[PDB]
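So this first bit is one chain, no partners, the form deposited in one PDB entry, shown in structure tokens.
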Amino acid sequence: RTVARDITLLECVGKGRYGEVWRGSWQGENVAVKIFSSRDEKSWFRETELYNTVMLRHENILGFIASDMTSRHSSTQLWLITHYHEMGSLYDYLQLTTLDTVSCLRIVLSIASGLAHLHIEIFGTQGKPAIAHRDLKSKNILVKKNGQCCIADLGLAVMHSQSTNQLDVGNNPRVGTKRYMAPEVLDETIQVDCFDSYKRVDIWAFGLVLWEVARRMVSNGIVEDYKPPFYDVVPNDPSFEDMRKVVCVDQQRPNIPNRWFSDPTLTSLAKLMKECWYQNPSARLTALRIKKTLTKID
């Protein structure tokens, strides 16, 4: 039904090394079109495999519509068409508004539910495998109209099945975002032949996103400005060694504002992120435990 040639590219909502994301019109309705850059072709392939072959579908994962190739300007462009969320990314959303207690917990529980869906394998005939994301950040999370979020960008995902015990890391030249890089990645101790290692990298990045969101929830008339993780120690577009010095050498973690300790929700959230930030990867919580704890927090 939905084909690239029938979509009208209205305006560019994002550009970068990955390529571009456009707001498009298809049959009147709004759609999101990611035109992958030439350098990021392998990410389009892996994402197409997950959405089409694995048929990944969850309410807290960016709703896939159609994959497509289009020949334009004497070149073949790789397209990904998904649902369009007019609120933009959580990165944009956090800078535009503050959150109450319910809106903040709704955001982080929806992300945990999405991550738990990826990590947990459904067994049996045609059962979906376990998936690790490996590039979780606030720019890769979109805010829906009901206050919930969905996880986006599967170009780096790795897959694992328990029965066969096969790990599928693909061969993508893409590296994760350096700002959200887990310490075992920065010092090259991560066991690349073990699937659990990739889940624990997501948990680290999740903890960073949890910090970004909770800063924006107001308690007792106090709220922090939006800031990216490690905003105070690394520069814009931080280097691999910049992050190594902060996260590995100095063992630093995002600061917990003192005002958080006079609010029961932010205090429980602060404990939650620190349990996502252990230098020892095997000590961090699982996505399911995070989802359960976030379900119980008031």
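Each residue number is its position in the shown sequence, starting from 1. Here the rigid core means the biggest group of C-alpha atoms that line up within 1.5 Å when the two forms are laid on top of each other.
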Task: Test item: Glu184 lacks coordinates in at least a third of other entries - done: no
Task: Unmodelled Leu167 in at least one third of other entries with both flanks present - done: yes
Task: Higher-scoring stretch by recorded Cα B factor average, 164 to 172 or 179 to 187 - done: 164 to 172
Open item on the list: Using only C-alpha atoms and the B-factors in the entry, which stretch averages higher, 259 to 267 or 25 to 33?
Closed with: 25 to 33
- [ ] Going by the CA temperature factor in the entry, name the top one among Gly114, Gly124, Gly207, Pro228.
- [x] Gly124
- [ ] Would you mind finding, among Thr76, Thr82, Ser89, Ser110, the residue with the largest C-alpha temperature factor in the entry?
- [x] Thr76
Open item on the list: Please say which third, lowest, middle or highest, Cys194 falls into when its CA temperature factor is compared across its chain.
Closed with: highest
- [ ] Within this chain's modelled residues, let me know which third the CA B factor of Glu59 belongs to: lowest, middle or highest.
- [x] middle
- [ ] Could you tell me which third, lowest, middle or highest, the C-alpha B-factor of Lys274 occupies within its chain?
- [x] middle
- [ ] Sort the modelled residues of this chain by their C-alpha B factor and say whether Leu285 lands in the lowest, middle or highest third.
- [x] lowest
- [ ] For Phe45, return the chain-relative third of its C-alpha B-factor as stated in the PDB record: lowest, middle or highest.
- [x] middle
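One more form of this protein, deposited in another entry, exists but is not displayed; see below.
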Open item on the list: If you fit the rigid core and then compare C-alpha positions between this form and the one not shown, only one of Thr97, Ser71, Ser103, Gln191 moves by 2 Å or more. Name it.
Closed with: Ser71
Task: C-alpha of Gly88 moved at least 2 Å between this form and the one not shown on rigid core - done: no
Open item on the list: When the rigid core is used for the superposition, does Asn220 move between this form and the one not shown (threshold: C-alpha shift of 2 Å or more)?
Closed with: no
Task: Threshold 2 Å Cα movement between this form and the one not shown for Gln126, core superposed - done: yes
Open item on the list: Closer or farther: how do the Cα atoms of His85 and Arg72 compare in that other deposited form versus the shown form, where the change is at least 3 Å?
Closed with: farther
